[PDB]
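Chemist: Following this: a sequence and the matching experimental structure.
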Amino acid sequence: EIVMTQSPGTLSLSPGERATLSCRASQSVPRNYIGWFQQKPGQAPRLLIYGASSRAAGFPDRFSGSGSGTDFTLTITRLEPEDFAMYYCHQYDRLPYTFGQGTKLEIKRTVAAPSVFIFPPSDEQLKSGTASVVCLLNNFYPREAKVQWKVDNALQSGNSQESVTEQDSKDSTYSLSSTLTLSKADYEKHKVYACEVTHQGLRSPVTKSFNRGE
Amino acid sequence: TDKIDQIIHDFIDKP
Amino acid sequence: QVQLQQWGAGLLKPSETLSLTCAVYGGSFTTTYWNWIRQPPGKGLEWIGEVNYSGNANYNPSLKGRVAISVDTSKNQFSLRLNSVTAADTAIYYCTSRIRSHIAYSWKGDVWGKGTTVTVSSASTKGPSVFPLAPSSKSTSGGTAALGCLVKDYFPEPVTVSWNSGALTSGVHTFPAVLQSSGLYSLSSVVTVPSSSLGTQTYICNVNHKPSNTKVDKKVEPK
């Protein structure tokens, strides 16, 4: 077994720049059997380079692999917007086969703070016996953001679930949705519900809250 | 090249 | 000119054998090795196994006992059989050929057909519940206002949401599905619109779920 370490694991660049992705092997690869896969969201992976330096048919010359032995590198020259995707490095030399954890190549933009909104549960939903309070972080960059739920100022943990959109193709931002799930009883036992957001575009956390029964 | 590709198939067997 | 045609059973209940098959047009089984890989949702690739025309099979060391792959050159097709599957095996299965990477070989790279999404779930088909998300809590005048629709407790995965029957394409965020503890999916869609439009405007979200033949349109208005 040869463990594959790709680095850095998230690559933020802009059109025109040069992209360098690294793939490192836990053990020596004798036959220099390696490949690189490009995978766009929702689309099947496409093999890009095979072996060390060999480029697969159908791709421009700006993609070039290099390296040997324990260390391999993939270089993308004059990257156009279509190149941004997730890239995996694979080794077919020695059993068992393994894939890299993957490197995410994203498009760099200026920092943008999220627009935060909190949505209480609908009364028709409360009729069903369950209450879900939703918090939206809209159009923010970079991807990293932290959502913290508070009920009557009590920190909530483990009862929430997050979902994130892929980076928008137009403004190059991200969006995130968080759902806090409680039973109707637990919902009725508390008054102030607050969603506290921390993001690098905001000096201090922004809290959007509501009072039950407004 | 097919007959050759069969012969290349010999040494690439899974180690 | 090689092309791979894959067919198999996508949906299965837990602890049921998974049998998938992949077909080879344009090239012999003896010329190239074949292998099966799986990609779980939003996770790294995993290689379950590999097969040779002679029947020799080498499997991932974790799953060796559970997986067995058999290949028949008679029909130029090879099949993956997996036993005692569990929800953790939910993934998209791809049948591929390992990279040739030699100057002598014809079509020196690899190609595979479109993967088959395999979902392991106990829950049967169910229709989504659509709950509206309040458009405004004392929303700021001359500022962004947020409307939403909440889809909950729906299986299988495919669902489509569009606002005003697709008439509203801008500022529309439809979020990926989330599988809850019960085993049913939960998804949400949200849109941002000018606060001035709320009094002027009507916003309806259309949720459509084909497997359950459940189509629900809802109207989101401030109360």
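Modeler: Ah, there it is. Numbers count the residues shown, from 1 in each chain, chains lettered A, B, ... in the order given.

Chemist: Now the element after the stretch of helix or strand residue A:106 belongs to, going C-ward?
Modeler: Using DSSP states H and E, residue A:106 falls within strand A:103-107. Downstream of strand A:103-107, the first helix or strand assigned by DSSP H and E is strand A:115-119.

Chemist: Could I have the CA atoms of the strand holding residue A:106 written out in PDB?
Modeler: Extracted C-alpha coordinates of strand A:103-107, given in PDB (Å, rounded to 0.1, in the frame of the first residue of the first chain):
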ATOM      1  CA  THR A 103      -6.700  18.900  -4.400                       C
ATOM      2  CA  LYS A 104      -9.400  21.500  -4.900                       C
ATOM      3  CA  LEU A 105      -8.500  24.100  -7.400                       C
ATOM      4  CA  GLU A 106     -10.900  27.100  -6.900                       C
ATOM      5  CA  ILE A 107     -11.100  30.600  -8.500                       C
END
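
Chemist: Pull the contacting residues for the most centrally placed residue in chain C.
Modeler: Compute the mean C-alpha point of chain C, and by Cα atoms, centre = their mean the closest residue is residue C:117, 5.3 Å away. Counting by Cβ atoms under 8 Å, 6 or more residues apart in numbering or on different chains, residue C:117 makes contact with C:10, C:92-93, C:157. In this view, the C-beta of every residue, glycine as well, is placed from N, C-alpha and C.

Chemist: what's the answer for residue A:68, then?
Modeler: A:32, A:52.

Chemist: With residue C:97 as the reference, measure out to it.
Modeler: As judged by Cβ to Cβ, to the nearest Å, residue A:68 and residue C:97 stand 24 Å apart.

Chemist: just to revisit the earlier point, what about the residue nearest to the centre of chain C, which helix or strand?
Modeler: strand C:116-120.

Chemist: do residue A:190 as well
Modeler: Going by DSSP H and E, residue A:190 is not part of any helix or strand.

Chemist: Run a quick neighbour tally on residue C:87.
Modeler: Counted with other Cβ atoms under 10 Å in any protein chain shown, the neighbours of residue C:87 add up to 12.

Chemist: can you pull up the bridge partners for the closest residue to it other than its chain neighbours?
Modeler: With sequence-adjacent residues excluded and distances taken as Cβ to Cβ, 6 or more residues apart in numbering or on different chains, residue C:87 is closest to residue C:120, at 5.0 Å. Listed by DSSP bridges, the beta-bridge partners for residue C:120 are residue C:12.

Chemist: and if you look at residue C:39?
Modeler: Bridge pairing for residue C:39 - DSSP bridges - gives residue C:92.

Chemist: Can you list the buried residues in the helix or strand harbouring residue A:125?
Modeler: Taking DSSP H and E as the definition, residue A:125 sits inside helix A:123-127. Within helix A:123-127, the residues that qualify as buried are residue A:125, counting by 16 or more other Cβ atoms under 10 Å in any protein chain shown.

Chemist: Quickly check: that helix near chain C or not.
Modeler: Yes: using Cβ under 8 Å from any Cβ of the partner chain, we find that helix A:123-127 touches chain C at A:124-125.

Chemist: Could you pull out the helices in the chain for me?
Modeler: No chain in the question, so chain A it is. Ranges of helices in chain A, per DSSP state H, are A:123-127, A:184-188.

Chemist: if you could check chain B rather than the one you did, that'd help
Modeler: Under DSSP H, chain B gives helices at B:2-8.

Chemist: Tell me how far the residue nearest to the spatial centre of chain A lies from chain C.
Modeler: Closest residue to the average C-alpha location of chain A: residue A:143 at 6.6 Å, with Cα atoms, centre = their mean. According to Cβ to the nearest Cβ, to the nearest Å, residue A:143 stands 13 Å off from chain C.

Chemist: Equivalent analysis for residue A:31, please.
Modeler: Relative to chain C, residue A:31 is positioned 8 Å away (criterion: Cβ to the nearest Cβ).

Chemist: Next, the contact list for the residue nearest to that residue when sequence neighbours are not counted, please.
Modeler: Take residue A:31 and drop its neighbours on the chain: the residue closest to it by Cβ to Cβ, 6+ apart is residue A:93, 4.7 Å away. Taking Cβ under 8 Å, 6+ apart as the contact definition, residue A:93 lies against A:2, A:29-34.

Chemist: One more: residue A:200?
Modeler: Residue A:200 touches A:111, A:142, A:144, counting by Cβ under 8 Å, 6+ apart.

Chemist: repeat for residue A:198
Modeler: Residues near residue A:198 by Cβ under 8 Å, 6+ apart: A:145-146, A:148, A:205.

Chemist: I'd guessed residue A:122 sits against residue C:135; true?
Modeler: No: here residue A:122 does not reach residue C:135: they are 11.4 Å apart, not a contact under Cβ atoms under 8 Å.

Chemist: Residue C:221 is in contact with residue C:135, isn't it?
Modeler: Yes: contact status for residue C:221 versus residue C:135: in contact at 6.9 Å, counting by Cβ under 8 Å.

Chemist: Looking at these two, which one has more neighbours?
Modeler: For residue C:221 and residue C:135, the more surrounded residue by other Cβ under 10 Å is residue C:135, and the numbers stand at 21 against 15.

Chemist: which residues does that one contact?
Modeler: C:145-147, C:198, C:203, C:220-222.

Chemist: distance of the residue nearest the centre of chain B from residue A:54?
Modeler: For chain B, the residue nearest the mean C-alpha position is residue B:9 (1.4 Å; Cα atoms, centre = their mean). For residue B:9, the distance to residue A:54 equals 19 Å [Cβ to Cβ].

Chemist: okay, stretch C:153-164 in CSV with CA atoms only?
Modeler: Taking C-alpha atoms only, stretch C:153-164 is exported to CSV below (Å, rounded to 0.1, in the frame of the first residue of the first chain):
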residue,chain,number,x,y,z
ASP,C,153,-38.4,13.8,4.3
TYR,C,154,-38.1,12.7,0.6
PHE,C,155,-36.6,9.7,-1.0
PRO,C,156,-35.0,8.9,-3.6
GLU,C,157,-32.4,11.5,-4.2
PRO,C,158,-33.5,13.2,-7.5
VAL,C,159,-35.5,16.4,-6.9
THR,C,160,-35.8,19.6,-8.9
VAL,C,161,-36.7,23.0,-7.5
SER,C,162,-37.3,26.2,-9.6
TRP,C,163,-38.8,29.6,-8.6
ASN,C,164,-41.7,31.0,-10.6
